[PDB]
């Protein structure tokens, strides 16, 4: 219990052997603080206590190749250890998933990422189920579903009908999940609204393109070292990319005109109306709050799609003081919010918002279909749970919640609020927490590809498909089922 501190003469020698490990093997300084590094060092001081200080270390230490098969061993092992805890959440309707496609930068295999999301004990599960390569077959809808089912067979899940899937609107991905529950990713929808609305407001082409050519010049002339914050290029495939460039120019506006004046290249910025650049940054600033919100899988997120849409309608509210080109942008944004974003929502987005206890809003058109939807889903929950055996009814329990009153406090945690209410609401708070675990976007699959890319590197390029599948899952397992 009472852990002993070593002598300072023995502790300075420990920061000397650690520094020499990072230097010789070319590891990052932060390696000395990994959760698995510490847990491993604790084991090796045990071996010194039992066997003494004269142990054959090379014989004790494993080889990298036997490490490579152990994580493939353990991957098979842990997929069975939870092959039961997983199959329960799918049965009980309370499981959702996100899938998407990615291709790696070296070998160029196309990949199918699958994540899983369900509620446990006041906390959310965020599992990487698998990253299976398509083996260079065409990314047709049939092959995708073929590789989707194959990932779920790893845990003895063969149904897939009770799992709510969240994807982008890729024509081939969309068709794969035509036979089950598919929710449109709201980060791609919000991105479509921005892309189209700027296509449709070409009055703003000249200021944006003018800014784009300043970034292009600072990179070609190797001048970003003079900025305390560098200027960012506009990459269309990145969300809110125009805002990132514009802000990088504003937040460095003073030092940019000076550097430009210095190089006699002052004509590249004098025709740029700074005021409109500032107006677009204030407008798109709230879009970044919504984007970072929609990408949350550690807390409920689907319930905020509808109120975020209202906040977009509020930002682009017509204003008598807008200039002509900004007035037109706000006009096109509220349009595409209607025909691009609202057009591709579902009762899952409204019902998730219903279960946000500040429930005063959609009292109008929606509580009809929401009650019709909520009652049906509490019905299948009983149907399933009665097979688990081998006054205050749901339509009442529905309206009993519909009269609760709670204030928007900054500490309010709706997910905690339903655990602390599972008593009075037994069967509805189960439907609610089934709804509140669905991600509002496919960002969990995006992050899986980022993690994948951290493994398939320049020097680790020979790593195999199943070795990445194994490392990603185990790393996700040791996060969701360890401390």
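Positions refer to the first chain, counted from 1.
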Of 413 to 421 and 37 to 45, the stretch whose C-alpha atoms average the higher B-factor in the entry: 413 to 421
Mean C-alpha temperature factor, higher of 397 to 405 and 265 to 273: 397 to 405
Which of 288, 120, 343, 168 ranks first by CA B-factor in the deposited coordinates: 120
Most elevated Cα B-factor in the entry, residues 338, 349, 109, 87: 87
Cα B factor band for residue 431 (lowest, middle or highest third within the chain): highest
Residue 54 - which third its CA temperature factor falls in, relative to the rest of the chain: highest
Ranked C-alpha temperature factor of residue 390 among modelled chain residues, by third: highest
Entry-reported Cα temperature factor of residue 243, expressed as the chain third it lands in: lowest
Third of the chain's Cα B-factor distribution that residue 480 belongs to, per the entry: middle
